[PDB]
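**Q** quick one: initial chain(s) of a complex, as found there:
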Amino acid sequence: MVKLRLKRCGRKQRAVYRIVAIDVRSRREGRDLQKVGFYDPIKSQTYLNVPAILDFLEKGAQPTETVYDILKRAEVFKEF
Amino acid sequence: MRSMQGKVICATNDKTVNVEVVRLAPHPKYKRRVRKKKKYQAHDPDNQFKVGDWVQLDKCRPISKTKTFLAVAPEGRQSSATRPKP
Amino acid sequence: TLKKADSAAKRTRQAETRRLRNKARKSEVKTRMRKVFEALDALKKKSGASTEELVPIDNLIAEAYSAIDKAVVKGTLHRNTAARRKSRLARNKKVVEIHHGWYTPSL
């Protein structure tokens, strides 16, 4: 199914993730439908674009744990 | 998209016609335009169209190993009917 | 004894057994369909009145549908195929009766 998850970019030892809406059977960095959020542990930079997230969650998109909890902190699950 | 106007080369077969479509294209290197002519097997139930006709060509489901196209009455054309001379 | 190939062996055996089941379910359809067709030839050629002879025929027909849909929901067939089989039986049943003469839609 459609899954909203992290796709890993940046370089060796320094990791930065995009949060993307993509069919679950594509590869981890593979092609996708929409880019939505942005994330990173070291700079502690996190932010998302909420209308997109909601539009995908509406059509049944499953998030993955890390992503799920990111959406929790930004309160996207309450509006739902 | 835009349907293809052409003229009929061969009416002989049943419920079909053989249309020639001429379209112009600006040749990729040398920028002049050229006429490229292609042929089509067009499905025409009722066999209304004869040889020489000018017919519009429409798209639909495959009716055979070839004909994808429905033969349709000419869409718009300048009337060859005489006009006033003011 | 400890045997390790799950995927390989197990899926193999399962495939066999399920295959036998499927084979049965299809054969049934081919069969009952065939009886229907023999009955239809027997009827188209000779002269009865269908009001009388449609009774054995429709008993066979109903049996056939039963076999079909039982094979759909048991899952050896895909429903859209079933539709075609039934449609065929119906068509033959419609062909014979125009030959003998009771019904003829025209518009």
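**A** Yes, it's here. Numbers count the residues shown, from 1 in each chain, chains lettered A, B, ... in the order given.

**Q** now do the SS call for residue B:29.
**A** Look at residue B:29: counting by DSSP: H, G, I helix; E, B strand; the rest coil, its state is coil.

**Q** tell me the phi and psi of residue B:29?
**A** phi -80, psi -70 (degrees, to the nearest 10).

**Q** give me the neighbour count for it.
**A** By the criterion of other Cβ atoms under 10 Å in any protein chain shown, residue B:29 has 5 neighbours. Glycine gets a C-beta too; all of them are placed from N, C-alpha and C.

**Q** can you map out the strands along chain A?
**A** Along chain A, counting by DSSP state E, strands occupy A:2-11, A:14-23, A:34-39, A:46-47, A:62-63.

**Q** dump those strands into JSON lines; add mean neighbour count as well.
**A** Formatted as JSON lines, those follow (neighbours: other Cβ atoms under 10 Å in any protein chain shown):
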{"stretch": "strand A:2-11", "mean neighbour count": "15"}
{"stretch": "strand A:14-23", "mean neighbour count": "18"}
{"stretch": "strand A:34-39", "mean neighbour count": "18"}
{"stretch": "strand A:46-47", "mean neighbour count": "13"}
{"stretch": "strand A:62-63", "mean neighbour count": "18"}
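
**Q** buried residues, the top helix by length along chain C. List them.
**A** The longest helix of chain C (DSSP state H) is helix C:11-45. Going by neighbour count (16 or more other Cβ atoms under 10 Å in any protein chain shown), the buried part of helix C:11-45 is C:25, C:28-29, C:32-33, C:36, C:39-40, C:43.

**Q** throw chain D onto that model:
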Amino acid sequence: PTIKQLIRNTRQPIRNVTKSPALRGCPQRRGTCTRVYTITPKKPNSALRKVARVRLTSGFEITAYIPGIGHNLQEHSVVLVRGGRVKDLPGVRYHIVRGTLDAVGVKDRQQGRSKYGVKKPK
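**A** With chain D now in place:
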């Protein structure tokens, strides 16, 4: 010239023709020497040139030049050959890399040593 004619494809390029076919698109090739001998150069250049016929991995047989001063090379020796043309000798399109495989480095050459495969003196 005429556009109409250019659209019949009247411009076609001349492909690049290699100078060392026997190499088959490689920097070097290893070969065995069939024969070692000398040849005289095209006049007015007279001298005696050191050349060996080499049979290669790509199957060809060619004639290649041996640079430097003096050599130990003899038949059934495995050398390494490289490209480049000697204007002197007719037909000779290949050199022999010195200092690798069976061709030793030139003895007692002190300058531009890398061309001849010579260690640096301490």
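
**Q** since we added chain D, can you redo the neighbour count of residue B:29?
**A** Neighbours around residue B:29, by other Cβ under 10 Å: 9.

**Q** list the neighbouring strands of the longest strand along chain D plus their orientation.
**A** Determined from DSSP E, the single longest strand within chain D is strand D:28-39. Sheet pairing of strand D:28-39 (DSSP bridges) gives strand D:49-56 (antiparallel), strand D:78-82 (antiparallel).

**Q** other residues contacting it?
**A** Taking contacts as Cβ atoms under 8 Å, 6 or more residues apart in numbering or on different chains, the residues outside strand D:28-39 that touch it are D:22-23, D:48-58, D:61-62, D:64, D:73-82, D:89, D:97, D:101.

**Q** cool, stretch A:38-50 as well?
**A** A:6, A:10, A:14-19, A:36-37, A:70-71, A:73-74, A:76, A:79.

**Q** which two among these are spaced furthest apart?
**A** A:14 and A:79 (33.0 Å; Cβ to Cβ).

**Q** re earlier: which parts of the longest strand of chain D are buried?
**A** In strand D:28-39, counting by 16+ other Cβ under 10 Å, buried: D:29, D:31-33, D:36, D:39.

**Q** also stretch D:17-26?
**A** In stretch D:17-26, residues buried by neighbour count (16+ other Cβ under 10 Å) are D:20, D:22-23.

**Q** which residue does chain A have closest to chain D?
**A** At 32.2 Å from chain D, residue A:12 is the closest residue in chain A, using Cβ to the nearest Cβ.

**Q** residue D:24 and residue D:59 touch, don't they?
**A** No: between residue D:24 and residue D:59 there is no contact under Cβ atoms under 8 Å: 9.5 Å.

**Q** let's put RNA strand E on the structure above:
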RNA sequence: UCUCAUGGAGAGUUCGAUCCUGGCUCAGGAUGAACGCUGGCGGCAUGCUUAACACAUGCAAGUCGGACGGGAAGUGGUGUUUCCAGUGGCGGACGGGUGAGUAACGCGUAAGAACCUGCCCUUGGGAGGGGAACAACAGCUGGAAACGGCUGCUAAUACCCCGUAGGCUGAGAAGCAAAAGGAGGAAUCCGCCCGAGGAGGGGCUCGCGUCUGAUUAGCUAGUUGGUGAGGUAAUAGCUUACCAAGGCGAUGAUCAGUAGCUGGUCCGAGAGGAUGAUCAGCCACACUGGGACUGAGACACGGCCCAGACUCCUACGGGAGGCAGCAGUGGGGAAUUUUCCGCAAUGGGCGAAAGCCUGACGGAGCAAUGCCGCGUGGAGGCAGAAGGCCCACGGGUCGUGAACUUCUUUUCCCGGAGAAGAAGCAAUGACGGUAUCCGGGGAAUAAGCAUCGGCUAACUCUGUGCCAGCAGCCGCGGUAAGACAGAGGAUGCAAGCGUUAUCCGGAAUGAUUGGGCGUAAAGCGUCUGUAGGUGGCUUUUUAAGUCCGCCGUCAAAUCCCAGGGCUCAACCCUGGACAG
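**A** Time to bring in RNA strand E:
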């Protein structure tokens, strides 16, 4: 003198000289590069292009005891809890590899209508009553092994029947079809069956674009269409019978040859040329060929069946196997790495969860393969000495260069402390005691390689004498060689420097922009003319080109602009856009 432009260089060589036409050659960039000499460090990348040739060993796909019957470890026992073959459930169709085949709707792009869809959402109804088996197990038995054979035996979310069904068949009449329980003390949860939607993933169909060959000219008969019967998830010569004679083709069919394609990469002033490694999408393949089965999904890399070729085991009666998965060995080759660590991160699979498995991935190691950063000292140093070399013997030059005196410690060495990366309950880090930070020594641990005739920056001397040798082209070398070899000196780049190979450039040398044809290569011997291309003036029409506005899209990464982050840069990240 506003605006636009950040871009187009030549040189040698035919002659006794000249001008020209014309080729050859050089200066520049780029490598998945190799070889030679030399080699201190770090940052980010890259690493079988050839034989889609063989493969020893180990690992790369399983999970669920909360579907189920058993038996085996303990425990005193069915209070506790573990493992486990077996039946069932989903997953093994994704992920990983390679480019052989494929000139095709295979790919890119844009459209369409006749379809399918497990898991995920959204929603409308339901889950009655029975019955029969089969493994496991048991006993007997055949086998060296692999794996079997009889007879009993048994459970289920596994099989079969009956009842009911907003669905299916049908003009209708009518006809036909479903279920499964498991958790919990209950509430309730995860499921099951039938419809109806949604999103995503697939199947088809069509316009356009999609290599060289005319010393390949006719090719095609299920071939091009029509009906009738079949078949497919769905349209269709997909199949078959009959009817008709079409379909494609000099604008290049057919045949042969080469090739995975595209985002892109390299070059170019631009117009465009060459190419498709890493990175991302799609196709195609899995020892060589052919089949199907299971299934939402395959004609299935670590599944089945057969034939073939080849390797192994055998107690010779028979079996086992498929690295173009990660490493690794042989072989081929100029050439391309460790039989490493870990599931901690991200991503997958199964599960109620605990959790388990993941050679995807995250990391390490090896290698100057490449791009980028830093170093190998800084300041002063009689103008006196040793030495090399040149010298008209006056002196010049290596040379402020060294020696020598002070300052500094990036790097080196010896000790200390030491992350973020981990996600909101704590816990949990393979990397790693690494990155970084503090102290203690001490100029201490660290420069080579091409070239010096012209293009081309940089010159003299000894040694040789058409010899030995050099050379990218012109061409040097027969006694004083600025062209060979040595020395000293200088120049260019610098942890690299050269040589060879490949591609574009310069090349206006295949020319649209941008050439020519009286004598330099080049006007058919001359007409007639078919296709084809262009075609006088005036008014109107239409709007195919053309032009302008607006919308959709041309994936992300790359290039361009603007900021931000690793001390800088390379690299990474955000946002945005001209082209076309």
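
**Q** ok RNA strand E is loaded, check the neighbour count of residue B:29 again?
**A** 9.

**Q** tell me how far it lies from residue B:37.
**A** For residue B:29, the distance to residue B:37 equals 21 Å [Cβ to Cβ, to the nearest Å].

**Q** repeat for residue A:35
**A** Distance from residue A:35 to residue B:37, counting by Cβ to Cβ: 46 Å.

**Q** before we move on, what about residue B:19?
**A** Going from residue B:19 to residue B:37 by Cβ to Cβ gives 11 Å.

**Q** more neighbours: which of these two?
**A** For residue B:19 versus residue B:37, neighbours defined as other Cβ under 10 Å are more numerous around residue B:19 (26 against 9).

**Q** helix, strand or coil for that one?
**A** Strictly by three-state DSSP, residue B:19 counts as strand.

**Q** pretty sure it contacts residue B:3?
**A** No: if you go by Cβ under 8 Å, residue B:19 and residue B:3 don't touch, sitting 11.8 Å apart.

**Q** could you tell me which residues touch both of these two?
**A** Common contact partners of residue B:19 and residue B:3 (Cβ under 8 Å, 6+ apart): residue B:57.

**Q** chain center to stretch D:30-37, what's the gap?
**A** When distances are taken as Cα atoms, centre = their mean, to the nearest Å, stretch D:30-37 is centred 12 Å away from the chain's centroid.

**Q** alpha carbons only: can I get it in CSV?
**A** The C-alpha trace of stretch D:30-37 is given here as CSV (Å, rounded to 0.1, in the frame of the first residue of the first chain):
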residue,chain,number,x,y,z
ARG,D,30,51.1,-8.2,-23.7
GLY,D,31,52.8,-10.3,-26.4
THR,D,32,55.5,-12.9,-27.1
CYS,D,33,58.4,-12.2,-29.4
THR,D,34,58.5,-14.4,-32.4
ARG,D,35,61.7,-12.8,-33.7
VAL,D,36,64.3,-10.2,-32.8
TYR,D,37,66.2,-8.6,-35.5
